[PDB]
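The numbers here are math on the coordinates, done by the rules we state, and not lab data. Positions of Cβ are generated from backbone atoms using ideal geometry, with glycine treated the same way; all protein chains shown enter the neighbour counts.
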There are 2 protein chains.
Amino acid sequence: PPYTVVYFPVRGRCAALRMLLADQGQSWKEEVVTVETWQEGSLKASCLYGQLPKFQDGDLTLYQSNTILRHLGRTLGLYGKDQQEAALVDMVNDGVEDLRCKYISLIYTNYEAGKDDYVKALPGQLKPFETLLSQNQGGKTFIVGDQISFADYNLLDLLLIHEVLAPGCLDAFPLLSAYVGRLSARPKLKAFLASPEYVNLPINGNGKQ
Amino acid sequence: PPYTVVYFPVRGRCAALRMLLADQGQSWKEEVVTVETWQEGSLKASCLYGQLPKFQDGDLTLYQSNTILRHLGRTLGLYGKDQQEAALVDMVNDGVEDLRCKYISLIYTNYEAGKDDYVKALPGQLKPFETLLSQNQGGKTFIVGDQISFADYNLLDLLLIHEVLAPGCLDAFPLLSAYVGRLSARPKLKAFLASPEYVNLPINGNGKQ
Ligand SMILES: N[C@@H](CCC(=O)N[C@@H](CS)C(=O)NCC(=O)O)C(=O)O
Ligand SMILES: N[C@@H](CCC(=O)N[C@@H](CS)C(=O)NCC(=O)O)C(=O)O
C-alpha cells in the first residue's frame with residue numbers, strides 16, 4: 001500500500017479515485033478523519049487549502065481531488081494515448097467537475113427548495129456527455145479513445161450519484177445508460193461497488209442525497 | 001497551430017491563456033462573440049457545454065479554460081520538468097480555479113451585498129499561495145520549480161483582478177507582491193498588459209470589478 005487517502009467517512013470527492021485504485025488493482029490505506037478530529041483544528045491547519053482529501057504517494061503529498069486523479073492518470077497510464085487524447089480527457093473531466101460543483105451546492109446549500117429545479121435542468125447538463133459518447137465509436141467504448149482514463153471513473157461516479165438523486169435520469173440517454181452498465185460490470189470495480197467500505201459510506205457528509 | 005480563440009469581448013476566463021500565448025511568442029486569431037450574436041443561439045447550441053471560450057489548434061477544438069491551459073502547458077513545455085512537478089502545477093492551478101469560482105459568483109450574483117464579507121475572507125484565501133512560494137526557494141522564482149508553468153499565468157491573473165477588487169490586498173503578502181512585480185516586468189507580458197487589446201476590454205462582462 002504505497003498510497004494513503006486522508007478524508008472524512010463519506011464517498012464525496014474521494015469516490016472516483018477509490019474506484020480508480022480498486023479497478024486498477026492498487027492497494028491503499030484510508031486515514032479516516034472524524035468531524036470531531038476536524039473540529040479540533042490542527043489537521044485543517046496543516047492542509048494547504050484547509051480542506052480534504054489529502055493524498056500520499058510515497059514522499060509526495062497532494063491536495064485537490066482532481067490533482068490526485070490527474071496524478072494517478074499520469075503515473076498509471078490512464079491519460080490517453082497521446083497529447084491530443086490527454087486534452088480530450090481533461091475537457092471531459094472539467095465538465096464533470098462543473099456539474100459536480102452544482103450538485104454539491106444543491107446538497108449542501110439548498111437541497112429542499114432547489115431539488116425540483118436542479119432535476120428539471122439535469123437533462124440539459126447530461127446531454128453533452130451523451131454527445132461525447134456518440135462521437136467516440138458510437139459510444140461502445142470509453143468516454144475518450146479505446147482505453148479507460150481517469151475521466152471515466154469521475155464521470156461514472158457523477159452518473160451514479162445522479163441516479164440516486166433523480167432515479168431514471170439516464171433513461172432518456174441510451175449511450176450513458178449502457179456506458180454505466182458496461183463500466184459497472186468490470187470485475188474489480190463490480191466487487192468494490194458491492195463492498196461494505198463503499199456501500200456503507202454515505203454519499204455526502206450531511207446525509208442528504 | 002496557429003490558434004483561434006473564440007470569446008466574448010472581455011478578459012474573464014481568457015486573460016490567463018492570452019498572457020501565456022503573448023509571453024511565449026505565439027500568434028493567435030481572436031474571434032469575438034458579441035452578446036447579440038450569442039443570444040441568437042446558433043453558436044451556443046454548438047458549444048459542447050453551451051459555453052465559451054472555444055479554442056482551435058488545427059482541427060483540435062477544445063472548450064474549458066483550464067483544459068486549454070493544460071493543453072498549452074504540455075505542448076509548450078510549461079508543465080514542469082517531471083511528473084512530480086506536473087502534480088504540483090496542477091495542485092496550484094486547482095487552488096487558483098477554486099478562488100476564481102468564488103470571485104465569479106461574487107461578481108455575477110452578489111456583488112453589492114457580498115463584497116465586504118468576501119474581502120474580509122480574502123487574506124485567508126491568499127495565504128496558501130504565499131506558503132507555496134516560500135516552499136519554493138524562498139519564493140525567488142516561479143510558483144513551481146525554476147521555470148515558468150501555465151499555473152504562473154493563471155495565478156498572476158487571479159492576483160491582478162483581486163488587486164482591482166481590493167486595492168492593497170497583496171501588501172500583507174511580501175512574496176506574492178514581489179512575485180507579481182517580477183512576472184509583470186517580463187518584456188512581452190508587460191507590452192501585452194499595456195496594449196489596447198488587453199486594457200480596453202472589461203475584466204468581467206457585467207461591468208463589475
Ligand atoms: N477543490 C477541492 C475541494 C475540497 C473540499 O471541498 N473539501 C471539503 C469536503 S468535500 C472539506 O474539506 N471541507 C472541510 C472544511 O472546509 O473545513 C477538491 O476538489 O479536493
Ligand atoms: N468551466 C468553463 C466555464 C465557462 C463559462 O463560465 N463561460 C461563460 C462566460 S465566463 C459563458 O460562456 N456564458 C455564456 C452562457 O452560459 O450562456 C471554463 O472554465 O471555460
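Charges were assigned to the Cβ only: +1 to each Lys and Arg, -1 to each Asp and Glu. The resulting dipole of the stretch B:79-186 about its Cα centre is roughly 220 debye. Neighbour counts of C-beta atoms inside 10 Å place B:13, A:70 in the sequence B:13, A:70, starting with the fewest. Averaging the sequence gap over all C-alpha pairs within less than 8 Å and six or more residues apart, then dividing by the number of residues, gives chain B a relative contact order of 27 percent.
Label-to-label distances for residue B:60 across copies, nearest first, come out at 2.2 nm, using points 7 Å from Cα in the beta-carbon direction.
Compute the signed sum of charges (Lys and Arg +1, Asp and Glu -1) over the other residues within less than 14 Å, Cβ to Cβ, of residue B:77. So the environment of residue B:77 carries a net charge of -2. Note that the stretch B:122-137 has calculated 3J(HN,Hα) couplings of 4, x, x, 7, 8, 3, x, 6, 5, 5, 4, 4, 4, 6, 10, 6 Hz, one per residue in order, obtained from phi through the Karplus relation 6.51 cos²θ - 1.76 cosθ + 1.60 (θ = phi - 60°); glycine and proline are x. Straight-line cross-link reach from residue A:208 at under 16 Å between alpha-carbon atoms covers these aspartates and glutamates, not counting any fewer than eight positions away in the same chain: A:112, A:116, A:163. Going from the fewest other Cβ atoms within 10 Å to the most, the residues A:57, A:157, A:116 appear in the order A:116, A:57, A:157.
Label point of residue A:191 (7 Å along Cα→beta-carbon): distances to the other copies' equivalent points are 6.1 nm, sorted ascending. The stretch between residue A:110 and residue A:47 holds 19.9 nm of extra length on full extension. This uses 0.36 nm per residue minus the Cα-Cα distance. Take the Cβ atoms of residue A:4 and residue A:184, set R0 to 30 Å, and the FRET efficiency comes out at 0.65. Taking every alpha-carbon pair under 8 Å whose residues sit at least 6 apart, the stretch B:121-209 reaches a relative contact order of 24 percent. Translational diffusion coefficient of the protein assembly as shown (Stokes-Einstein, Kirkwood radius from Cα pairs, 20 °C, 1.002 mPa s): 95 µm²/s. Within the straight-line cut-off of under 19 Å between alpha carbons, the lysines reachable from residue A:54 are A:29, A:44, B:127, sequence neighbours fewer than 8 places apart in one chain being disregarded. Counting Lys and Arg as +1 and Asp and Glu as -1 over every other residue whose Cβ lies under 10 Å from the Cβ of residue A:183, the net charge comes to +1.
With the charge dipole of the stretch B:79-186 set up from +1 on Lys and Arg Cβ and -1 on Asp and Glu Cβ about the Cα centre, the Cα lying farthest toward the positive end among the listed residues B:118, B:159, B:141 is that of B:141. Cβ crowding within 10 Å, taken as a proxy for footprinting-reagent exposure, orders A:40, A:30, B:36, B:130 from fewest neighbours to most as B:36, A:40, A:30, B:130. What shape does chain B take by its C-alpha gyration tensor, where a ≥ b ≥ c are the square roots of the eigenvalues and a/c under 1.5 counts as rounded, a/b above b/c as prolate, and the rest as oblate? Verdict is oblate for chain B. In the frame of its principal axes, the stretch A:77-137 has Cα extents of 45, 22, 13 Å, reported largest first. Only helices enter the 222 nm calculation for chain B: every DSSP H run of n ≥ 4 contributes -39,500 (n - 2.57), and dividing by all residues gives -18500 deg cm²/dmol, rounded to 500. Computed about its Cα centre, the charge dipole of the stretch A:1-155 is approximately 120 debye, with only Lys, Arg, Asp and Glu carrying charge at their Cβ.
Label-point distances for residue A:82 to the equivalent site in the other copies, using a point 7 angstrom along Cα→C-beta, read 2.8 nm when ranked shortest first. Applying a DSSP loop filter and a limit of 12 other Cβ atoms within 10 Å to the trypsin sites (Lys or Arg not before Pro) in the stretch A:107-209 leaves A:140. Inverting the pair-averaged 1/r between distinct Cα atoms of the stretch B:79-186 gives 14.3 Å as its Kirkwood hydrodynamic radius.
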